[PDB]
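Before any questions on how it binds or moves, here is one chain, the form deposited in one PDB entry, in structure tokens.
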């Protein structure tokens, strides 16, 4: 049974468990009383084990928690806020994202409507998030709009960074199971694509074939209504040669400038 860690422990009774948010494991909205230090309530997401869950399940949850502990805080990832480890089930508590994941965020604002500059900023923020994770030697393995969540203030937060997704894998990860900062940049390219199709499905019509088509040099076409600059960036992200993809560091610099030049009025 679990060891306490005073750094993160929040007494169980400071948590008012509200409605479910998603579900291997359930996630509930919750209000947490006195998280900073007192009589303030803060809305949060509380991760816990499903009813019939084996010791496999538990162990991973602890791992995720333990991992978030080590990675630390960034504006653009879903942060750890605390946990209830003593005297009842494990509850891991993380920042709450009121607007949901980016896929559904974007789909719901197809013609509410997101400007040109918002769509680039969305990209910048996720890049930053991954830039941070990358600096902390974190390798995501499943970066995608489904796994980026959006808060009440429209701040993009990478999620699940501490745990058909094939359509998001770089080919070397797909074939030889090699994941890296570079394969995560591949995944970012597909995510840039999801952004500027407002949540489009990748490789529509292609059965999972796709192994070979990627080997033959198949790349998604540019979305209707995406600049060529941003299509090239997707294309750079999808380099056949991993060492030849840009890094998140450079991606951030590029999106930064691009954001600055992008029309708010469009």
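Numbering follows the first chain given and starts at 1. Between two forms, the rigid core is the largest collection of C-alphas that superpose within 1.5 Å.
Over the set of other compared entries for this protein, does residue 22 lack coordinates in at least a third of them? Modelled in all the others, so no.
Neighbours in the displayed sequence, residue 111 and residue 112 may still hide a gap; how many deposited residues lack coordinates there, none, 1 to 3, 4 to 9, or 10 or more? 10 or more residues are missing.
Does the deposited sequence hold unmodelled residues between residue 208 and residue 209, and if so, how many: none, 1 to 3, 4 to 9, or 10 or more? Gap between residue 208 and residue 209: 1 to 3 residues without coordinates.
Should the higher mean CA B-factor in the entry be assigned to 254-262 or to 238-246? Mean CA B-factor is higher for 254-262.
Compare the mean C-alpha B-factor of 112-120 with that of 185-193 as given in the PDB entry, and name the stretch with the higher value. Per the deposited B-factors, the answer is 112-120.
Just to confirm, going by the entry's C-alpha B-factors, which of 41, 29, 58, 198 comes out highest? Reading the PDB entry, the winner on C-alpha B-factor is 58.
So among 93, 102, 130, 174, who wins on Cα B-factor in the entry? Across 93, 102, 130, 174, the entry lists the biggest C-alpha B-factor for 174.
According to the PDB entry, is the CA B factor of residue 165 in the bottom, middle or top third of its chain, that is, lowest, middle or highest? CA B-factor rank for residue 165: highest third.
Can you tell me whether residue 25 has a C-alpha B-factor in the lowest, middle or highest third compared with the other modelled residues of the same chain? As the PDB entry reports it, the C-alpha B-factor of residue 25 lands in the highest third of its chain.
Please say which third, lowest, middle or highest, residue 86 falls into when its CA temperature factor is compared across its chain. Highest third.
Please place residue 214 in the lowest, middle or highest third of its chain according to the CA B-factor in the PDB entry. Top third by C-alpha B-factor.
Residue 46 by Cα B-factor - lowest, middle or highest third of the modelled chain: Lowest third of the chain for residue 46's C-alpha B-factor.
One more form of this protein exists, namely the form deposited in another entry; it is left out here, but the text below deals with it.
Quick check for you: superpose on the rigid core, then look between the shown form and the other one for a C-alpha move of 2 Å or more. Which of 226, 198, 44, 53 is it? It is 53; the other listed residues stay below 2 Å.
How about residue 12 - superposed on the rigid core, does its CA move between the shown form and the other one by 2 Å or more? Yes; residue 12 is a residue whose C-alpha shifts (by 2 Å or more) between the shown form and the other one when the cores are overlaid.
Is it true that residue 152 shifts between the shown form and the other one by 2 Å or more at the Cα, once the core is aligned? Shift of 2 Å or more: no.
After fitting the rigid core, is the C-alpha of residue 88 off by 2 Å or more between the shown form and the other one? Shift of 2 Å or more: yes.
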